[PDB]
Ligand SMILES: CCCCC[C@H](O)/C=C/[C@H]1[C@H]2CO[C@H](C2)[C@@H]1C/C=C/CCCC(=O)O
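Consider the single chain below, provided in structure tokens and representing the form solved without this ligand.
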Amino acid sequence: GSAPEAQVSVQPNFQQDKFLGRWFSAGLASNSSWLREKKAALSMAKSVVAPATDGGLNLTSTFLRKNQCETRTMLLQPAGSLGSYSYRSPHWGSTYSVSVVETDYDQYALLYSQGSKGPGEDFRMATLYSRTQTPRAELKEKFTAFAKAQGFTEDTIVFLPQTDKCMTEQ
């Protein structure tokens, strides 16, 4: 039948090693009311990408709320081709393909999460992971203009600031 590989929203022959690492919260984009109700609950956010034992990817996401920091692990599998992984929670029954459109850890990275459930149904959600601790108003304009070019407005774009409220490591 068909052949593997599928650049649905991934990057070229990039090195997955230059995509991992502890990423910090920056911004996001999607279509839902919850996206707004979450902005008010802004807090610590740290996603650490790590190779999965099942040849996939296990990233740990940090989150703060009510003076409490809880970590969330997610073991994703390969989508036929490295540089891309889809999360499938059997306990719930929801699939989501995660791809990497762009990556520039030196400043930020572009993620792509697709949602599918039932006859068709498609969802678009981009994740901008900022590895820098010094935002640039010029980049903010570069990001806003980018999402704008994709026919998307601020109404479908959330902001995820970064704050050292809690952390620990060697």
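Numbering starts at 1 and follows the sequence shown.
What comes next is about the form deposited with this ligand bound, which does not appear here.
Student: Would residue 61 show up as a contact with this ligand in the bound PDB entry if we use heavy atoms at 4.5 Å?
Tutor: Yes, contact at 4.5 Å.
Student: So in the bound PDB entry, does any heavy atom of residue 103 sit within 4.5 Å of this ligand?
Tutor: Residue 103: no contact with this ligand in the bound PDB entry.
Student: Residue-level contact is defined here as any heavy atom of the residue lying within 4.5 Å of this ligand in the bound PDB entry; does residue 25 satisfy this criterion?
Tutor: Looking in the bound PDB entry, residue contacts with this ligand include residue 25, since a heavy atom lies within 4.5 Å.
Student: Check residue 47 for me: does it contact this ligand in the bound PDB entry (non-hydrogen atoms, 4.5 angstroms)?
Tutor: Yes, residue 47 is a contact residue.
Student: Could you check which residue among 42, 69, 139, 52 gets a heavy atom within 4.5 Å of this ligand in the bound PDB entry?
Tutor: Filtering the options by heavy-atom distance leaves 42.
Student: Check each residue of 77-115 against this ligand in the bound PDB entry and list those with a heavy atom within 4.5 Å, in sequence order.
Tutor: Read in sequence order, the residues that approach this ligand (within 4.5 Å, in the bound PDB entry) are 87, 89, 92.
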